[PDB]
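> Encoded as structure tokens, here's the structure I'll be asking about.
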Amino acid sequence: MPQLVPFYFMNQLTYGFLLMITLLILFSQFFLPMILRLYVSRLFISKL
Amino acid sequence: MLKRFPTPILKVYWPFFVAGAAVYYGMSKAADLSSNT
Amino acid sequence: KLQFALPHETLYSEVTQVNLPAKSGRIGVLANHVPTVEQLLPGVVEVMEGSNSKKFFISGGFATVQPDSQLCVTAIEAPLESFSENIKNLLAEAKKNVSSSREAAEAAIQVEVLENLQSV
Amino acid sequence: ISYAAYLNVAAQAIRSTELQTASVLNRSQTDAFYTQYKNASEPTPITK
Amino acid sequence: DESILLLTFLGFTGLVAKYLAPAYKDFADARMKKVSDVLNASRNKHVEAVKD
Amino acid sequence: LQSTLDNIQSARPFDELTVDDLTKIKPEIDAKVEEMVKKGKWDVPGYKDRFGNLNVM
Amino acid sequence: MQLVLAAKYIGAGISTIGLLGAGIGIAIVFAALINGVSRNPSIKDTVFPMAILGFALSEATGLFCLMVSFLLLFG
Amino acid sequence: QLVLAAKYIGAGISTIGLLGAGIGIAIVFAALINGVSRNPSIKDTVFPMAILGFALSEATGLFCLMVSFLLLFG
Amino acid sequence: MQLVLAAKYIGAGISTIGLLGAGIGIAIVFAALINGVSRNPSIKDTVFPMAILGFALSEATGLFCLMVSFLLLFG
Amino acid sequence: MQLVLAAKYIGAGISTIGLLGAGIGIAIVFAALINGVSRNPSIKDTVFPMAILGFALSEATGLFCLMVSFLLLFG
Amino acid sequence: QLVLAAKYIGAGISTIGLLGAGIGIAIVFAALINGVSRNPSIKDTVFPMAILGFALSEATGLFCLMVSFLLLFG
Amino acid sequence: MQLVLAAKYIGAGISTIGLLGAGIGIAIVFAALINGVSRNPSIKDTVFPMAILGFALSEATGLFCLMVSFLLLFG
Amino acid sequence: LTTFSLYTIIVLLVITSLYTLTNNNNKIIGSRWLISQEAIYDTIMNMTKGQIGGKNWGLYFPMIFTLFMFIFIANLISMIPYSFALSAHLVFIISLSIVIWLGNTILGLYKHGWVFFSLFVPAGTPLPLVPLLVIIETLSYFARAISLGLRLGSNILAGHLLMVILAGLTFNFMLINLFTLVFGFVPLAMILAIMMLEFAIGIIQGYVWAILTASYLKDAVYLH
């Protein structure tokens, strides 16, 4: 099948790994602590 | 909305990253052998 | 048609659904069911006659579907809502009891019963 | 362990919610002494 | 060929709008309520302590 | 204490309220979150013992 | 010519083998029904729709198989 | 002739499909016996079930059999 | 080419055999449902989505066979 | 030459047979789950991870087989 | 050539062997779920042994697979 | 010659079939171990070495088969 | 134009919107869309607190989360009836799986020396069959290498290809006049049942990915 034999493997793989690393950093530093912030805030209000 | 909280996952995730660099090189050679189409 | 009984009381009784935790897993009985004898373990029980439900916490006993659709339930002492924070105090005691140790079986059973009540 | 001992203990354990009445406690508490016998010669009554 | 595939996807979104968009509304509602009730309850709770 | 009653009277959070205002009035919020981000934990026990835990499993 | 016609007649036969599985499957659903209903006769009224669903689905795997058999048999 | 050969060989292959139905029937009758021996009196309800189960099990085999005949005879 | 084309049609029939396993699989999940429900009654509300899931997953492995069969047969 | 291409498509058909076992396997894991749940409905939350593990692991052998099929077909 | 064709055929036949391992894995997990539903509590002892049993059932299938690659490439 | 070389590879492929029985086999022993241990909580001290013996023996049929596969393939 | 690159960008743009435009005022009661991303977070919090459950469960929770969300979104993108391969570019998924396997082997070696290989003696068993159980333990350890990637890749690719093949057949089915399309709804319904299923088998595969690479990480992090 032509779709599973390109030669563009490294071209693809470079942009592919760029999306992965972006999401990892993005989650880890930004969006994950903002969900945990909702949790802790809700509990802090729950305490108060 | 968003706030940056640093994650020092560099030293944590060091074996994951090492495998990626090696594979970057290795898939290049596999690609080079197939690109002699 | 249920026959539920205890020494001191002959609680409740026909009875449409009875849901039991037995050495057969959990069993629900509706009308005729196969005539079995089952060891009742300590249990959380629901008994329904129509959709009206009476809820029992049960000390284990015996269950026997009879061949005459008389569901003979025999138990010692129980309702789950009357029986239910002092169970948490008793939980601390039972853990302590396990610490010291037939005494082993006693303390183990106490932990089991505590878990079972804690479930509701 | 023995089945009737198992059920007995379960009933006894159940005799401990906070609303519990004396009669419940009595139905699962006894201080009797089984006067062990033999033959005549009777091993001493040990608390039941 | 691929317009048949789009008919299947269109059918897929039709089922979604029947069942899922109200269900997800109900799900979202359920959580919104639970959070709110805890929050407003806690606000009440400290006010009691003030009065005491 | 009259003032304390008045302060609850003039604000009753119940819909929304930016977490930034909560961080500004209590930077402890952001501190606890940050310590958790640093630790590699994400459990808030009271968000489980006095809020749900949204799991089908 | 002969090769294509041969391939059709052989290939049809081969397909038919898959169909045996569905036959056994159907029996398994019915067996469970009988045993289940034996254990509680009044579970029957709820269970009979569920049983027919399981039967139909097991049979369905057979339908797809049999279609492929006929496609090879009769083009 | 290759085409005629393919018919006779092909017929043999198709015959394999029937085996599942034969087994299927046995399973239904076994369940009948198990249910009946356990309950006794489930029987009057169960008897129409047993006949039905036989028929459906047989039917999947029957589809195999007609395919066998179609290839065999032509 | 007559050989290669014949080979496609034969190979298609071979893939069709695989369907027997899935057919039996569907029945096994539903048999468990019937037995469990007959024992407990009341479990069914939780269990019924799981039963459909079990059928679907067994079927899915079957579909992988089916796409090879159709890839040769039609394609 | 024709033999090679023929062999590719025949061989593809042949490999596909291996998958059937995994299809039954998945059903068996779900059957166990259903029976376990009906016998103790609270087992489910500890068991749910183990059930998913069993689905995947059973499936994996079949997908290895399928991958050889794809090596012939696409390759 | 016939030899090139032959390695493709041989690879196909060898792949079927995996079937048994897939069934094997499911049998270990079924017993795990049944045991744990009986006990509520057997699992801690059982789980290490169970992962060993899964691995071994799978391993047999991998022998089939390794023969397939040895045929196909070799 | 070409036919004989082919027959070596082909014979190896056919030979590989026997291994499937051992795959199922090891699992039946381990399943029984789980079942027994779940019944007793305590059969295990006898049963664990007994079970390892059962594994080794069930595996062996597959290994005899594998030996023949290698003899055909390489030889 | 590199289609694969364009759809990887599209995945990135979907994920940014899920914590921003989904969110509407940093609500303390929870925005209607954002309630989804609470539940996913919690059922994976309690899953990797379950699965590896260290004091560093959450330390590897971002890694397990971006493997969730990547697969979760890219099995929406691959489901569009006019969109190009991502996970069906098998080479990205399998490469990623082998990378994770190598990064587990290295982690196990790094953390537990060359006595990392003591992991592959499974249990106390008779000494003459101790080496055998190392061979077919190590064999199973890099079966995890290819199993994890190929499971997901095969499922997504095969599903879409099945639908497209059945769609192409139904093109020639509908090239037989409308009287055949009296009782001709059933192949369309079959593609529809598969279309419901293909999202399902991708989220199930995403869960299977993320539970299994928590279990493998349990093995790699905790020596015995």
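Lettering and numbering for the structure tokens are positional, with chains as A, B, ... in the shown order, residues counted from 1 in each chain, and ligands counted from 1 in the shown order.
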Can you provide chain G as a CSV table (one decimal) with N, CA and C atoms, in the first residue's frame, superposed onto chain I by least squares across all C-alpha atoms matched in order?


```csv
chain,number,residue,atom,x,y,z
G,1,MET,N,-1.9,-12.7,-14.3
G,1,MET,CA,-3.3,-12.5,-14.9
G,1,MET,C,-4.2,-13.4,-14.2
G,2,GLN,N,-4.4,-14.7,-14.7
G,2,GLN,CA,-5.2,-15.7,-14.1
G,2,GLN,C,-4.8,-16.0,-12.7
G,3,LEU,N,-3.5,-16.0,-12.5
G,3,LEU,CA,-2.8,-16.3,-11.2
G,3,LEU,C,-3.2,-15.4,-10.1
G,4,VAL,N,-3.2,-14.1,-10.4
G,4,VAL,CA,-3.5,-13.0,-9.5
G,4,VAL,C,-5.0,-13.1,-9.1
G,5,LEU,N,-5.9,-13.3,-10.1
G,5,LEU,CA,-7.3,-13.4,-9.9
G,5,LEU,C,-7.7,-14.6,-9.1
G,6,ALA,N,-7.0,-15.7,-9.4
G,6,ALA,CA,-7.2,-16.9,-8.7
G,6,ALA,C,-6.8,-16.8,-7.2
G,7,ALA,N,-5.7,-16.1,-7.0
G,7,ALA,CA,-5.1,-15.9,-5.6
G,7,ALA,C,-6.1,-15.1,-4.8
G,8,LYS,N,-6.7,-14.1,-5.4
G,8,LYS,CA,-7.7,-13.3,-4.8
G,8,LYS,C,-8.9,-14.0,-4.4
G,9,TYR,N,-9.5,-14.9,-5.3
G,9,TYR,CA,-10.7,-15.6,-5.0
G,9,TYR,C,-10.5,-16.8,-4.0
G,10,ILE,N,-9.3,-17.4,-4.0
G,10,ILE,CA,-9.0,-18.4,-3.0
G,10,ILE,C,-8.7,-17.8,-1.7
G,11,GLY,N,-7.9,-16.7,-1.7
G,11,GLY,CA,-7.5,-16.0,-0.5
G,11,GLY,C,-8.6,-15.4,0.3
G,12,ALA,N,-9.6,-14.9,-0.4
G,12,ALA,CA,-10.8,-14.4,0.2
G,12,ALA,C,-11.6,-15.4,1.0
G,13,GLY,N,-11.7,-16.7,0.4
G,13,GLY,CA,-12.4,-17.8,1.0
G,13,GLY,C,-11.7,-18.2,2.3
G,14,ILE,N,-10.3,-18.3,2.3
G,14,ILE,CA,-9.5,-18.7,3.4
G,14,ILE,C,-9.7,-17.7,4.5
G,15,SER,N,-9.8,-16.4,4.3
G,15,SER,CA,-10.0,-15.4,5.3
G,15,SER,C,-11.2,-15.6,6.1
G,16,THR,N,-12.3,-16.0,5.4
G,16,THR,CA,-13.7,-16.2,5.9
G,16,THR,C,-13.7,-17.1,7.1
G,17,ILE,N,-12.8,-18.1,7.1
G,17,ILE,CA,-12.7,-19.1,8.2
G,17,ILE,C,-12.5,-18.4,9.5
G,18,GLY,N,-11.7,-17.4,9.6
G,18,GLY,CA,-11.4,-16.7,10.9
G,18,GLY,C,-12.7,-16.1,11.6
G,19,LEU,N,-13.7,-15.7,10.7
G,19,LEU,CA,-14.9,-15.1,11.1
G,19,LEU,C,-15.8,-16.0,12.0
G,20,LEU,N,-15.7,-17.3,11.9
G,20,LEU,CA,-16.4,-18.3,12.7
G,20,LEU,C,-16.2,-18.1,14.1
G,21,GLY,N,-15.0,-17.7,14.6
G,21,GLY,CA,-14.6,-17.6,15.9
G,21,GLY,C,-15.3,-16.5,16.6
G,22,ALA,N,-15.5,-15.4,16.0
G,22,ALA,CA,-16.2,-14.2,16.5
G,22,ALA,C,-17.7,-14.6,16.7
G,23,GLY,N,-18.3,-15.4,15.9
G,23,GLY,CA,-19.6,-15.8,16.0
G,23,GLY,C,-19.9,-16.6,17.3
G,24,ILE,N,-19.0,-17.5,17.6
G,24,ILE,CA,-19.1,-18.3,18.8
G,24,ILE,C,-18.9,-17.4,20.0
G,25,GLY,N,-17.9,-16.5,19.9
G,25,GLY,CA,-17.5,-15.6,21.0
G,25,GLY,C,-18.7,-14.8,21.4
G,26,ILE,N,-19.5,-14.2,20.5
G,26,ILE,CA,-20.6,-13.4,20.8
G,26,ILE,C,-21.6,-14.1,21.6
G,27,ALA,N,-21.9,-15.4,21.2
G,27,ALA,CA,-22.8,-16.3,22.0
G,27,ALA,C,-22.4,-16.5,23.4
G,28,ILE,N,-21.1,-16.7,23.6
G,28,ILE,CA,-20.5,-16.8,24.9
G,28,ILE,C,-20.8,-15.7,25.8
G,29,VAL,N,-20.7,-14.4,25.3
G,29,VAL,CA,-21.0,-13.2,26.1
G,29,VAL,C,-22.4,-13.2,26.6
G,30,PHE,N,-23.3,-13.5,25.6
G,30,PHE,CA,-24.8,-13.5,25.8
G,30,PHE,C,-25.2,-14.6,26.8
G,31,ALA,N,-24.5,-15.7,26.7
G,31,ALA,CA,-24.8,-16.8,27.6
G,31,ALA,C,-24.6,-16.5,29.0
G,32,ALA,N,-23.4,-15.8,29.3
G,32,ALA,CA,-23.0,-15.3,30.6
G,32,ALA,C,-24.0,-14.3,31.1
G,33,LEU,N,-24.5,-13.4,30.2
G,33,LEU,CA,-25.5,-12.5,30.6
G,33,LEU,C,-26.7,-13.1,31.1
G,34,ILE,N,-27.3,-14.2,30.4
G,34,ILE,CA,-28.5,-14.8,30.7
G,34,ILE,C,-28.4,-15.5,32.1
G,35,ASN,N,-27.3,-16.3,32.3
G,35,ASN,CA,-27.0,-17.0,33.5
G,35,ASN,C,-26.8,-16.1,34.7
G,36,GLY,N,-26.1,-15.0,34.4
G,36,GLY,CA,-25.8,-14.0,35.4
G,36,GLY,C,-27.0,-13.3,35.9
G,37,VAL,N,-27.9,-12.9,35.0
G,37,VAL,CA,-29.1,-12.2,35.2
G,37,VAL,C,-30.1,-13.1,35.9
G,38,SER,N,-30.0,-14.4,35.5
G,38,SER,CA,-30.8,-15.4,36.2
G,38,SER,C,-30.4,-15.5,37.7
G,39,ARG,N,-29.1,-15.4,38.0
G,39,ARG,CA,-28.6,-15.4,39.3
G,39,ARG,C,-28.9,-14.2,40.1
G,40,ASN,N,-29.1,-13.0,39.5
G,40,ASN,CA,-29.4,-11.8,40.2
G,40,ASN,C,-30.1,-10.9,39.2
G,41,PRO,N,-31.4,-10.7,39.2
G,41,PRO,CA,-32.0,-10.0,38.1
G,41,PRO,C,-31.7,-8.5,38.2
G,42,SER,N,-31.3,-8.0,39.4
G,42,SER,CA,-31.1,-6.6,39.5
G,42,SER,C,-29.7,-6.2,39.3
G,43,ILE,N,-28.8,-7.1,38.8
G,43,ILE,CA,-27.5,-6.8,38.4
G,43,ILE,C,-27.5,-6.2,37.0
G,44,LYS,N,-28.7,-6.5,36.3
G,44,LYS,CA,-28.9,-6.3,34.9
G,44,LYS,C,-28.6,-4.9,34.4
G,45,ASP,N,-29.0,-3.9,35.2
G,45,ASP,CA,-28.9,-2.5,34.7
G,45,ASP,C,-27.5,-2.0,34.6
G,46,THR,N,-26.6,-2.5,35.5
G,46,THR,CA,-25.1,-2.2,35.4
G,46,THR,C,-24.5,-3.0,34.3
G,47,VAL,N,-24.9,-4.3,34.3
G,47,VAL,CA,-24.2,-5.4,33.5
G,47,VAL,C,-24.5,-5.2,32.0
G,48,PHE,N,-25.7,-4.7,31.6
G,48,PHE,CA,-26.0,-4.6,30.2
G,48,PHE,C,-25.1,-3.8,29.4
G,49,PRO,N,-24.6,-2.6,29.8
G,49,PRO,CA,-23.5,-1.9,29.1
G,49,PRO,C,-22.3,-2.7,29.0
G,50,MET,N,-21.8,-3.4,30.1
G,50,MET,CA,-20.6,-4.2,30.1
G,50,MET,C,-20.6,-5.3,29.1
G,51,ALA,N,-21.8,-6.0,29.0
G,51,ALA,CA,-22.1,-7.1,28.1
G,51,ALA,C,-22.0,-6.6,26.7
G,52,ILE,N,-22.5,-5.4,26.4
G,52,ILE,CA,-22.5,-4.9,25.0
G,52,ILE,C,-21.1,-4.6,24.6
G,53,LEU,N,-20.3,-4.1,25.6
G,53,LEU,CA,-18.9,-3.9,25.4
G,53,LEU,C,-18.2,-5.1,25.0
G,54,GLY,N,-18.4,-6.3,25.7
G,54,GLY,CA,-17.8,-7.5,25.4
G,54,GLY,C,-18.2,-8.1,24.1
G,55,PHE,N,-19.5,-8.0,23.7
G,55,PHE,CA,-20.1,-8.4,22.5
G,55,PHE,C,-19.4,-7.6,21.3
G,56,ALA,N,-19.3,-6.3,21.5
G,56,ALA,CA,-18.8,-5.4,20.4
G,56,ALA,C,-17.4,-5.7,20.1
G,57,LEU,N,-16.6,-6.0,21.1
G,57,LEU,CA,-15.2,-6.3,21.0
G,57,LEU,C,-14.9,-7.6,20.3
G,58,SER,N,-15.7,-8.7,20.7
G,58,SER,CA,-15.7,-10.0,20.1
G,58,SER,C,-16.0,-9.9,18.6
G,59,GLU,N,-17.1,-9.1,18.3
G,59,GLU,CA,-17.5,-8.8,16.9
G,59,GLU,C,-16.5,-8.1,16.1
G,60,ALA,N,-15.7,-7.2,16.8
G,60,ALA,CA,-14.7,-6.3,16.2
G,60,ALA,C,-13.6,-7.1,15.5
G,61,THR,N,-13.2,-8.2,16.2
G,61,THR,CA,-12.2,-9.1,15.7
G,61,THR,C,-12.6,-9.7,14.4
G,62,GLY,N,-14.0,-10.0,14.3
G,62,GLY,CA,-14.7,-10.4,13.1
G,62,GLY,C,-14.7,-9.3,12.0
G,63,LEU,N,-14.9,-8.0,12.4
G,63,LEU,CA,-14.9,-7.0,11.4
G,63,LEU,C,-13.6,-6.9,10.7
G,64,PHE,N,-12.4,-6.9,11.4
G,64,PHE,CA,-11.1,-6.9,10.8
G,64,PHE,C,-10.8,-8.0,9.9
G,65,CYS,N,-11.3,-9.2,10.3
G,65,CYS,CA,-11.2,-10.4,9.5
G,65,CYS,C,-12.0,-10.3,8.2
G,66,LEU,N,-13.2,-9.8,8.2
G,66,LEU,CA,-14.1,-9.7,7.1
G,66,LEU,C,-13.7,-8.6,6.2
G,67,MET,N,-13.0,-7.6,6.7
G,67,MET,CA,-12.4,-6.6,5.8
G,67,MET,C,-11.3,-7.2,5.0
G,68,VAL,N,-10.4,-8.0,5.5
G,68,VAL,CA,-9.4,-8.7,4.8
G,68,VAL,C,-9.9,-9.7,3.8
G,69,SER,N,-11.1,-10.3,4.1
G,69,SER,CA,-11.8,-11.2,3.2
G,69,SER,C,-12.2,-10.4,2.0
G,70,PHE,N,-12.8,-9.2,2.2
G,70,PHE,CA,-13.3,-8.3,1.1
G,70,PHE,C,-12.2,-7.7,0.3
G,71,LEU,N,-11.1,-7.4,0.9
G,71,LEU,CA,-9.9,-6.9,0.3
G,71,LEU,C,-9.4,-7.9,-0.7
G,72,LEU,N,-9.3,-9.2,-0.4
G,72,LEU,CA,-9.0,-10.2,-1.3
G,72,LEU,C,-10.0,-10.5,-2.3
G,73,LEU,N,-11.3,-10.4,-2.0
G,73,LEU,CA,-12.4,-10.7,-2.8
G,73,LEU,C,-12.6,-9.6,-3.9
G,74,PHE,N,-12.4,-8.3,-3.6
G,74,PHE,CA,-12.8,-7.3,-4.5
G,74,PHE,C,-11.7,-6.3,-4.6
G,75,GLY,N,-10.5,-6.7,-4.3
G,75,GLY,CA,-9.3,-5.9,-4.4
G,75,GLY,C,-9.3,-4.6,-3.5
```

> Compute the chain K side of the contact with chain I at 12 Å, counting only C-alpha atoms, and hand it back as a list in words.

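Residues passing the distance filter: residues 5, 9, 12, 13, 16, 19, 22, 23, 26 and 30 of chain K.
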
> Only residues of chain C matter here; which ones have an atom within 12 Å of chain D, counting only C-alpha atoms? Give them as a ChimeraX atom specification.

/C:6-8,39-43,57-62,74-91,93-94,102-118

> With a distance cut-off of 12 Å and only C-alpha atoms, select the neighbouring residues of residue 20 of chain F, excluding the residue or stretch itself and same-chain residues fewer than 4 positions from it, and output the selection as a list in words.

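Skipping anything fewer than 4 positions along the chain leaves residues 34, 37, 38 and 41 of chain A; 1, 2 and 3 of chain B; 16, 24, 25, 26, 27, 28, 29 and 30 of chain F; 25, 26, 27 and 28 of chain M.
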
> Using C-alpha atoms, can you export the residues from the last selection as a PDB file, in the first residue's frame?


```pdb
ATOM      1  CA  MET A  34      -5.062  24.945  36.418  1.00  0.00           C
ATOM      2  CA  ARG A  37      -6.157  24.802  41.100  1.00  0.00           C
ATOM      3  CA  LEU A  38      -9.901  24.358  40.664  1.00  0.00           C
ATOM      4  CA  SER A  41      -9.779  26.167  45.479  1.00  0.00           C
TER       5      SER A  41
ATOM      6  CA  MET B   1      -6.743  31.759  32.473  1.00  0.00           C
ATOM      7  CA  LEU B   2      -3.434  29.998  31.852  1.00  0.00           C
ATOM      8  CA  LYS B   3      -0.539  30.178  34.282  1.00  0.00           C
TER       9      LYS B   3
ATOM     10  CA  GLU F  16     -17.980  31.999  39.371  1.00  0.00           C
ATOM     11  CA  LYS F  24      -4.493  37.153  45.136  1.00  0.00           C
ATOM     12  CA  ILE F  25      -6.374  36.949  48.425  1.00  0.00           C
ATOM     13  CA  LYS F  26      -4.811  33.591  49.344  1.00  0.00           C
ATOM     14  CA  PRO F  27      -1.475  32.884  47.560  1.00  0.00           C
ATOM     15  CA  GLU F  28      -1.520  29.677  49.627  1.00  0.00           C
ATOM     16  CA  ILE F  29      -3.812  28.291  46.882  1.00  0.00           C
ATOM     17  CA  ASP F  30      -1.109  28.712  44.253  1.00  0.00           C
TER      18      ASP F  30
ATOM     19  CA  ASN M  25     -14.288  32.669  33.578  1.00  0.00           C
ATOM     20  CA  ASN M  26     -12.297  30.196  35.705  1.00  0.00           C
ATOM     21  CA  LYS M  27     -15.648  29.224  37.223  1.00  0.00           C
ATOM     22  CA  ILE M  28     -15.676  27.658  40.661  1.00  0.00           C
TER      23      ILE M  28
END
```

> For a test of reading the model, state the distance in Å between atom CA of residue 55 of chain C and atom CA of residue 51 of chain F, rounded to one decimal.

27.6 Å

> What is the atom CA of residue 31 of chain B-atom CA of residue 13 of chain B distance in Å, reported with one decimal?

27.1 Å

> Just want the 10 Å neighbourhood of residue 54 of chain C, counted on only C-alpha atoms, with same-chain residues fewer than 2 positions away dropped. Output as a list in words.

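That gives residues 12, 18, 45, 46, 47, 48, 49, 51, 52, 56, 79, 80 and 81 of chain C.
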
> Atom CA of residue 114 of chain M and atom CA of residue 220 of chain M are how many Å apart?

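Separating atom CA of residue 114 of chain M from atom CA of residue 220 of chain M is a distance of 13.0 Å.
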
> Let's see if you can do this: from backbone DSSP, list all helix (DSSP H, G or I) residues in chain B, as a list in words.

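Taking chain B and keeping helix (DSSP H, G or I) only, one gets residues 14, 15, 16, 17, 18, 19, 20, 21, 22, 23, 24, 25, 26, 27, 28, 29, 30, 31, 32, 33 and 34 of chain B.
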
> List the neighbours of segment 49-62 of chain M out to 10 Å using only C-alpha atoms; skip same-chain residues closer than 2 positions along the sequence, and give me the result as a PyMOL selection string.

(chain A and resi 23-29+32) or (chain B and resi 7-9+12-13) or (chain F and resi 36-43) or (chain J and resi 46+49) or (chain M and resi 41+43-47+64-68+210-219+221-222)
